[PDB]
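A single chain comes next, written as structure tokens; it is the form deposited in one PDB entry.
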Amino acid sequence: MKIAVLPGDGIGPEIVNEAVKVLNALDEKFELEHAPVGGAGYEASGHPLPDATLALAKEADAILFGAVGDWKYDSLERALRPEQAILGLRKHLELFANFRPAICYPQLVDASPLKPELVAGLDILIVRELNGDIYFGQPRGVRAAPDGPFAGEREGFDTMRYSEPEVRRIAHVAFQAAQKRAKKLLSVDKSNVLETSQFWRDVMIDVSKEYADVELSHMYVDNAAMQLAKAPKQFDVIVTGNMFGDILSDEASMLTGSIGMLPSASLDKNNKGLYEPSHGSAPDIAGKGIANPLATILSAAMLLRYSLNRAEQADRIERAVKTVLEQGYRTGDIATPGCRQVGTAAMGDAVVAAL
């Protein structure tokens, strides 16, 4: 069991330090190896995904990833920008299936901006397609506009595209997840405007024929943004494209009390995965020792459960997180009245103590 540990930029190192602390406190023997990624990759060898970092990730049984991004690197040419590291790991390792389990712990209901009755007992799974869409679609870039009223003018552009196999493989994953949960799947697209989305919807409906025990329904992304605020407990499994999943996921994280709570798994067809908190590198609080490590710690639990066949250890970590919340520990982003507010490292220590 080799884990590639790729902390990245910003709050990445301080939150991954806590996840590694928790893994090291299990009785289990892991082989952990660190490598630079993102701005850290650029600093080391001028590329956000150094060849040796990609090699390590390919070789490992799983990847524990922090976050990438820092404003001082935004001006670099596109291929060198930090976020190209996570896009590249997803694409090169064919990690096409992203899982974001939004669960509101009882203690954190009061931390959510929504009225408490809307999020108490909330448990939604977002399945997001991760290797296609307008995130990768060609052609893209800047050009003279080839046609239309503004022909000749400078113009930025990206191509949104989805092919049949790409939609089918993520559809199957989502339907399989719904079979094991509440037998409901909601597919989100923008099919009343976008040709790509109508194509998505058509393929999703075709795959639904094979899952007579799951009820498939559909929702436009603009309505889904409304409904995640209004009545998110209507959802059990949501499946959507790369771009729409990105947008809805951050909104959904508020349903758990904070973006600092939402873990994620990115799997290939063999359940080799990269596990990362759903959030970014949070440069506004980077190095300040206050970021919430719990999304990253819960991502390490998912790592054990889904790639390393260690479901019992994953349960141990999850029980430890639930215990520290019962005990009153909170980082600043999930503070609740009367809580014990702690920084990143003390929160990690508390999780370790509760194992």
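Residue positions are given as counts along the sequence shown, with the first one as 1. The term rigid core refers to the most C-alpha atoms you can superpose between the two forms while keeping them within 1.5 Å.
Comparing 147 to 155 with 118 to 126, which stretch shows the greater average C-alpha B-factor in the deposited entry? The stretch with the larger average C-alpha B-factor is 147 to 155.
Look up the CA B-factors in the entry and say which stretch, 206 to 214 or 261 to 269, has the higher mean. So the stretch with the higher mean C-alpha B-factor is 206 to 214.
Compare the CA B factors listed in the entry for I297, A57, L26, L64 and report the winner. The listed residue with the largest C-alpha B-factor is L26.
Highest CA temperature factor in the entry: which of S249, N223, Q176, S187? Among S249, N223, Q176, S187, the PDB entry lists the largest C-alpha B-factor for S249.
Report the third (lowest, middle or highest) to which the CA temperature factor of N98 belongs, ranking only the modelled residues of the same chain. As the PDB entry reports it, the C-alpha B-factor of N98 lands in the lowest third of its chain.
Can you tell me whether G41 has a C-alpha B-factor in the lowest, middle or highest third compared with the other modelled residues of the same chain? Answer is lowest: the recorded C-alpha B-factor places it there.
What third of the chain, by the recorded C-alpha B-factor, contains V351? It belongs to the middle third of the chain when residues are ordered by C-alpha B-factor.
For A335, does the deposited CA B-factor place it in the lowest, middle or highest third of the chain? CA B-factor rank for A335: highest third.
Among the chain's modelled residues, which third holds the C-alpha B-factor of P50? Within its chain, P50 is a middle-third residue by C-alpha B-factor, going by the deposited values.
In what follows, reference is made to the form deposited in another entry, a form of this protein that is not presented.
Core-superposed comparison between this form and the one not shown - Cα displaced by 2 angstroms or more, from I170, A85, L255, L274: Result of the superposition: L255 is the only one at 2 Å or more.
Once you line up the core, how about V193: does its CA shift reach 2 Å between this form and the one not shown? Yes; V193 is a residue whose C-alpha shifts (by 2 Å or more) between this form and the one not shown when the cores are overlaid.
With both forms fit on the core, has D158 moved 2 Å or more by CA between this form and the one not shown? Yes: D158 shifts by at least 2 Å between this form and the one not shown.
2 Å or more on the CA of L76 between this form and the one not shown, with the rigid core superposed, yes or no? Shift of 2 Å or more: yes.
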